[PDB]
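Residue numbers (PDB author numbering), protein chains in the order written: chain C, 1 to 440; chain D, 1 to 42, 45 to 276, 286 to 360, 369 to 441; chain E, 75 to 143. Heads up, the beta-carbon is just placed ideally off N, CA and C, and yes, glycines get one too. See structure below.
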Ligand SMILES: Nc1nc2c(ncn2[C@@H]2O[C@H](COP(=O)(O)OP(=O)(O)OP(=O)(O)O)[C@@H](O)[C@H]2O)c(=O)[nH]1
Ligand SMILES: Nc1nc2c(ncn2[C@@H]2O[C@H](COP(=O)(O)OP(=O)(O)O)[C@@H](O)[C@H]2O)c(=O)[nH]1
Ligand SMILES: [Ca+2]
Ligand SMILES: [Mg+2]
Ligand SMILES: [Mg+2]
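This is how it looks when you write it as C-alpha cells:
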C-alpha cells in the first residue's frame, strides 16, 4: 500500500503526464506494453513502484492514472501513441468540445457533463488500492479545462475522499507560450477555488522553464516537448521518494510536514540541478557541491522570483544518484557561510535532506545530458508571492474595465466571484507578508 | 470534429465564397470532383471543419449558396469547383433584390428564408459538434446585406450558443456608384452589432486603394479585389484549418479578440501584397496593408492576432513581434496585457514562400463607421430614396435607431481608446 | 483523560465531516446559481430575437395596409 493516483487535466496536464509516465517507465525498466521482466511477483506485490503502478495477472504494469480533457485531440495522441498499450481505455476520458479558455466553461457549462463520469473512473482506481495515500493533480492555470474543470474536480474530491491528501502540479502562464489573453482571470479563479482543497501545490512558471531551456540547453525556441521533458525530471525528483526505497531515502510526506507551516502557505519553490547539454557534460563531472550551489542561483528556479529578497521557512534537498552524506554536509556548510539565506525567526532549523540512490534517467533523443547525480530543492520562501503579485496585477488591469468579463457572465458567473477570488488573493499576498515579519 | 457551416449570400457573397472554396480546396489538395490528390497528412487532419465526407472518399463543402437572383447560381455552378457543392444546398429566389435592404430583410427575403433554414438544419444535424456559422456577404446590395442579416437573427434563434462569424464587405463610392448603399450598410451594421460574435470588415475602399496605389492597377475588377479577399480569408482561417495552438476554433478566437461584446469588428491585413521576417512584420502593421480603410496609428489596438505561414525561424518571428510592440507601445491599450498573439503554420499559401496575415481589433475602426455615417447622413437628412424602404413597410424611426446605434458604437471605441490604466 | 481522548477524536471527526458538508453545499449552491443565470441570459437573448419577429410582422402588415390606397 501507499498508492498515489495521478490525475492529468487539460492539454498541459495531459502532455506533462505523458512525459512523466515515459520517464517513470524508463526509470523502472517498464516496457511500452507494460511488461517488466525484473518484476518476479506477477499480478501484484507491494514493491515501491507499486505506489504508482498496478499489475494485471498477465504481468502488465498499469499507471494509476486518469487523463481527462474536454476535447479529444491531445488524448487521442496517447490512445494511438508509443504508450497506448500501457493504459486501459477507460483511464483516457474525453469530451467533444472544450472550455475555450474559459474557466466558467470548464467548471460549469461543459465540465458538469463529464464530472460524474470522471469521478467514476477515479473511484475504480481507488477501489484497487489497499491503502490510498492521495492524489497528484496536473493542470495549467490558464486553459479553461486546466483551470475550471480542475477546481470542480478538486471540490468534488474533497467531498468523496475527505481530507485524503491532494497535491498539485500547476503550470503558471508565460507570454512566450500562452494561448489566451484571459489566462490571468482563469489563474486567479482556479487558485481561489482550489486553495482550501489542496495540501501542497508545486507551481511551474513556463517562462522560467522556457528560459532554462534557452540558457542551459541552447534551445533557440523551446517547444512544449522541451519543457515537459524538463518538468518531468522535476516531477520525477519529487515522486522518486515514493516509487523507490533505500536506507537514506526520505518520503515526500516528511518533506511536506516541513514545507507547510500553515494550510494556506503551501506553495513550494522548486529548483533543479543540473540542467546541462550532452556537449557540455562531456568530460565535466558536476560534483555534489556544484549542483547544490546551482540550487541557490535564482535562474535555476522553476518560478521566477528572488528568494535572496525574501525569507525562508524551509529548505528541503532531494539528492539522487551518486551522493553520500559527507559531501552533502560540506556542500551545505559552504552555502551557509557564502549565501543570502535568511530564515524566519520561528523556524530556527531549517534544512532537511534526503538521498535516493537510483540514478537519474533521461529520455532517448532528449536534450538533457545523463548525469551521475542530481538534486531537486524544495524551499518555502515568501518570494514565491511575487508570482502572485504579477498575476494579480494583470488581473486588475483587465478587471477595472471588465475586459472579457462578458464571456464569463454569459456562462453563468457573476462579478461577485471575480471580486471574491481577487480578495482571497489579496489576503494570500498579505499572509506571505505576515509570516515573514519577525516575532515580538 | 468541430464543424463550421458556411453560408454565402448575394452576388458579393457568392463571388468571394467561391473564391474562398477554390483557394482552400487547393490548400487541402482536393480537386473539383472532391478527391484528395495530395502529398501530406497535415492536409486532412481537420478537413471536417469545412468538408463533409461521402463515400468514394469524396469531400463536399459544408456550404449553402443563397440568392434572390437566379443567375448567380449558374455562374457558380459553371465556375471551377462549381460541381463540388451539394446541389440541394443551392437555394435561389426569382425576383432579385435591386439593392433594397428592406426587400432582403423584411419582405421578399422573409419568404425565402425558411427554405435556407431547412438546409442549414440538415447540415447542422449531421455535425459531430457544430462550432458555428460563417457568412460571406456585402452590406451594400440588398440580398447579401438584408437577407444575410435576417438569416443571422434566424440562425442565432435556433442556435443561440454557437459562434456567429461574418465576412462583411463594406461599400465604397470608388467601386460601386449605387447611390443607396449607405442605407443598406447602416441597417446591416445595426443588425451585426447585436447578433454577430465576430465580423471581419472587408472594405471595398481599401481593396481599391491597394489595387490602384500599391499594385499599379489603373482600373481594377472585382477579380482583382477578390484576389486580395481570398488571400485574406485563407489567412484568417489558417488556424481553424490546420493543427495549431492559437485560436484553433471560432470561440477561442472570439475569446482572445472580443473584450466587449459589441466591439467585434476587425481590421484584417495581409503581406506581402502582390521576403524576410522583419519585412513581413513591419508591413502587416502598416496602414497600407489593411483590408479596412483605417489607419491603426489613429487609434489603439485592443487585441491582435497575427499568423505567419512558410518555412521560417520562429525565434526570428518572436523577436520581431516583440520589437513591433516595444517600438509601438502607445498604440496598444496598456490595460489588456499580452494582447497580441502569434501563430506560425509551416504550410505557406499558394505561390508564396512566406506570408503574414493580421487581424486587429483596433479602435481606429471607427474611421470606417464614420465614413459610412457621413454618406448615410447626406441622404437621410433630405429624406432621399426613402420611398424604396417605407414602400416595403418600414418606418423612419428604424432608420434613426440604426443611426444612433452606429454612432453609439463609434463612441464606445473612442471611450476605450481614451481609457488609461489609471 | 479517557473522556478528553474521546472528545478530541470526536472533534476531529466532526470538523472533517463539516468540511465535507460545507463543500458539498457550497458546490451545489454554485451549480444552481450558475444554471439560473445562464438560462436567464439565454432567455433574454431569445426574447430580444422574438421582439424582432413581432416587429417584422408589424412591418409586413404596415406594407399591405398602405398597398390599398
Ligand atoms: N508547460 C506546458 N504548458 C502547456 C502545455 N500545453 C499547454 N500549456 C500551457 O497551458 C496553458 C493553456 O491551457 P491548456 O492546458 O492548453 O488548456 P486546456 O486545459 O486544454 O483548456 P481548454 O483548451 O481551454 O479547454 C497555457 O499557459 C499554455 O502555455 C504543455 O504541454 N506544457
Ligand atoms: N469585393 C467585392 N465586392 C463586391 C463584389 N460584388 C459586389 N460587390 C459589392 O457589393 C455591393 C452590392 O451587393 P451585391 O452582392 O451585388 O448585392 P445583392 O447581391 O443584391 O445582395 C456593392 O457595394 C459592390 O461593390 C465582389 O465580387 N467583390
Ligand atoms: Ca509485482
Ligand atoms: Mg484544451
Ligand atoms: Mg441583388
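Compile a chain-ordered list of the residues in the stretch 96-114 of chain E whose CB is closer than 9 Å to at least one CB of chain C.
Answer in chain order: 97, 98, 100, 101, 104, 105, 107, 108, 109, 110, 111, 112, 113 and 114.
So that I know if they touch, is there some Cβ in chain E lying closer than 9 Å to that of residue 104 of chain C?
The residue labelled residue 104 of chain C in the question sits at position 104 within the first chain. Yes, residue 104 of chain C lies at the interface with chain E (some Cβ there is under 9 Å from its Cβ).
Counting C-beta neighbours from all protein chains within 10 Å, is the total for residue 393 of chain C 16 or more, i.e. buried, or is it exposed?
Within the first chain, residue 393 of chain C is the residue found at index 393, counting from 1. When all chains shown are included, residue 393 of chain C counts as exposed.
State the start and end residues of the unbroken alpha helix (DSSP H) segment that holds residue 399 of chain D.
By one-based count along the second chain, residue 399 of chain D stands at place 380. Here the alpha helix (DSSP H) through residue 399 of chain D covers 385-400.
Whose Cβ in chain C lies nearer than 8 Å to the Cβ of residue 314 of chain D?
Working through the second chain from its first residue, we reach residue 314 of chain D at position 303. Residues of chain C passing the Cβ test: 181.
When every heavy atom of ligand 4 is checked, does at least one fall within less than 8 Å of the C-beta of residue 216 of chain D?
As a working mapping, residue 216 of chain D is identified with position 214 in the second chain. Outside the cutoff, so no.
Alpha carbon to alpha carbon, what distance is there between residue 389 of chain C and residue 309 of chain C?
Looking up residue 309 of chain C in the first chain gives position 309. Looking up residue 389 of chain C in the first chain gives position 389. C-alpha separation (whole angstroms): 15 Å.
Using CA atoms only, rank isn't needed, just tell me which of C/283, C/141 and C/200 is closest to residue 186 of chain C.
Along the first chain, one-based indexing puts residue 186 of chain C at 186. Checked all of C/283, C/141 and C/200; the closest Cα to residue 186 of chain C is C/141.
Return the residues of the stretch 121-140 of chain E that lie within a Cβ-Cβ distance of less than 9 Å from chain D, sorted by chain order.
Answer set for the stretch 121-140 of chain E: 122, 123, 124, 126, 127, 129, 130, 132, 133, 134, 135, 136, 137, 138, 139 and 140.
So what does DSSP say about residue 168 of chain C, is it helix, strand or coil?
Residue numbering aside, residue 168 of chain C sits at position 168 when the first chain is read from its first letter. Strand.
Just grab the DSSP bridge partners of residue 356 of chain C for me.
To locate residue 356 of chain C, count along the first chain from 1; it is residue 356. Paired residue(s): C/320.
Under 8 Å between beta-carbons, which chain C residues line up against residue 94 of chain E? List them in chain order, please.
What you label residue 94 of chain E is simply residue 20 of the third chain in a count that begins at 1. Within 8 Å Cβ-Cβ: 158, 159 and 162.
Let me know the beta strand (DSSP E) ranges lying completely inside the stretch 187-273 of chain D, each 3 residues or longer, listed in chain order.
Counting whole runs of 3 or more residues, the stretch 187-273 of chain D contains the beta strand (DSSP E) stretches 200-205 and 267-273.
Using the beta-carbon of each residue, which ones in chain E are nearer than 9 Å to residue 108 of chain C?
Against the first chain, residue 108 of chain C aligns to sequence position 108. Within 9 Å Cβ-Cβ: 104, 105, 108, 109 and 112.
Name, please, each residue of chain D whose Cβ falls closer than 7 Å to the Cβ of residue 140 of chain C.
Translated into the one-based positions of the first chain, residue 140 of chain C becomes position 140. Here the premise fails: no neighbours, minimum Cβ distance about 12 Å.
Distance check for residue 259 of chain D and residue 137 of chain E, CA to CA, integer angstroms please.
Indexing the third chain from 1 puts residue 137 of chain E at position 63. Indexing the second chain from 1 puts residue 259 of chain D at position 257. For residue 137 of chain E and residue 259 of chain D, the distance between alpha carbons rounds to 41 Å.
Residue 309 of chain D and residue 386 of chain D look like a contact to me (Cβ under 8 Å); what is the Cβ gap, rounded to whole Å?
The residue you call residue 309 of chain D lines up with position 298 of the second chain. The residue you call residue 386 of chain D lines up with position 367 of the second chain. That belief holds up - the Cβ atoms of residue 309 of chain D and residue 386 of chain D are roughly 6 Å apart, short of 8 Å.
Cβ of residue 147 of chain C within 8 Å of any heavy atom in ligand 1?
Along the first chain, read from residue 1 onward, the residue named residue 147 of chain C stands at position 147. Yes, Cβ of residue 147 of chain C sits closer than 8 Å to a heavy atom of ligand 1.
Does the Cβ of residue 300 of chain C lie closer than 8 Å to at least one heavy atom of ligand 3?
For the purposes of this step, residue 300 of chain C is identified with residue 300 of the first chain, where counting begins at 1. Not under cutoff, so the answer is no.
Comparing the C-beta of residue 259 of chain D with each C-beta of chain E, is any distance below 9 Å?
Working through the second chain from its first residue, we reach residue 259 of chain D at position 257. Answer no: the Cβ-Cβ gap between residue 259 of chain D and chain E never drops below 9 Å.
Hey, quick one: how far does the beta strand (DSSP E) through residue 314 of chain D stretch, first residue to last?
Locating residue 314 of chain D in the second chain gives position 303, counting from the first residue. Here the beta strand (DSSP E) through residue 314 of chain D covers 312-321.
Could you tell me which chain E residues have their CB closer than 8 Å to the CB of residue 112 of chain C, listed as they occur along the chain?
In the first chain, counting from the first residue as 1, residue 112 of chain C sits at position 112. Near residue 112 of chain C (Cβ distances below 8 Å), the residues of chain E are 105.
Quick check on DSSP: helix, strand or coil for residue 69 of chain D?
The count along the second chain starts at 1 and reaches residue 69 of chain D at position 67. In this structure, residue 69 of chain D counts as strand in the three-state DSSP scheme.
Rounded to a whole number of angstroms, what is the C-alpha to C-alpha distance between residue 165 of chain D and residue 196 of chain D?
In the second chain, the residue the question calls residue 165 of chain D occupies position 163. In the second chain, the residue the question calls residue 196 of chain D occupies position 194. Going by the C-alpha atoms only, they are around 13 Å apart.
For the beta strand (DSSP E) holding residue 248 of chain C, just list the boundary residues, first then last.
Along the first chain, one-based indexing puts residue 248 of chain C at 248. It is not in any beta strand (DSSP E) - residue 248 of chain C carries neither H nor E in the DSSP assignment.
Note down the Cα distance separating residue 250 of chain D from residue 286 of chain D, rounded to an integer number of angstroms.
One-based indexing of the second chain puts residue 250 of chain D at position 248. One-based indexing of the second chain puts residue 286 of chain D at position 275. For residue 250 of chain D and residue 286 of chain D, the distance between alpha carbons rounds to 26 Å.
According to DSSP, which residues form a beta bridge with residue 69 of chain C?
Walking along the first chain from the start, residue 69 of chain C turns up at place 69. BP columns for residue 69 of chain C point to C/94.
Contact defined as beta carbons within less than 8 Å: I believe residue 289 of chain D pairs with residue 336 of chain D. What is the distance between those atoms, to the nearest angstrom?
Residue mapping note: residue 289 of chain D aligns to position 278 of the second chain, counting from 1. Residue mapping note: residue 336 of chain D aligns to position 325 of the second chain, counting from 1. That belief does not hold up - the Cβ atoms of residue 289 of chain D and residue 336 of chain D are roughly 14 Å apart, past 8 Å.
Does the beta-carbon of residue 283 of chain D have 16 or more other beta-carbons within 10 angstroms, so that it is buried, or is it exposed?
Structure remark: chain D lacks residues between 276 and 286, so residue 283 of chain D is without coordinates.
If you reduce the DSSP assignment to three classes, tell me which class residue 361 of chain C lands in.
Position 361 of the first chain, counted from the start, is the residue given in the question as residue 361 of chain C. Of the three classes helix, strand and coil, the one that applies to residue 361 of chain C here is coil, per DSSP.
How would you label residue 324 of chain C, buried or exposed, when you count the other beta carbons within 10 angstroms and need 16 or more for buried?
In the first chain, the residue the question calls residue 324 of chain C occupies position 324. Burial call: exposed.
Residues of chain E with CB closer than 8 Å to the CB of residue 511 of chain C, please, in chain order.
Nothing can be reported for residue 511 of chain C, as the shown portion of chain C is limited to 1 through 440.
Relative to the alpha-carbon of residue 397 of chain C, which residue among C/422, C/24 and C/373 has its alpha-carbon at the smallest distance?
Against the first chain, residue 397 of chain C aligns to sequence position 397. Nearest C-alpha to residue 397 of chain C: C/422.
Since I believe residue 101 of chain C is in contact with residue 241 of chain C (beta carbons under 8 Å), could you give me their beta-carbon distance rounded to a whole number of angstroms?
Residue 241 of chain C sits at position 241 when you count from the first residue of the first chain. Residue 101 of chain C sits at position 101 when you count from the first residue of the first chain. In fact, because the Cβ distance is near 35 Å, the residues do not count as touching under 8 Å.
Under 9 Å, Cβ to Cβ, is there at least one residue of chain E near residue 196 of chain C?
Position 196 of the first chain holds residue 196 of chain C. Residue 196 of chain C counts as touching chain E.
Would a C-beta distance cut-off of 9 Å place residue 70 of chain C and residue 17 of chain C closer than the cut-off?
Numbered from 1 along the first chain, position 70 holds the residue referred to as residue 70 of chain C. Numbered from 1 along the first chain, position 17 holds the residue referred to as residue 17 of chain C. Taking 9 Å as the Cβ cut-off, residue 70 of chain C and residue 17 of chain C do not qualify as a contacting pair.
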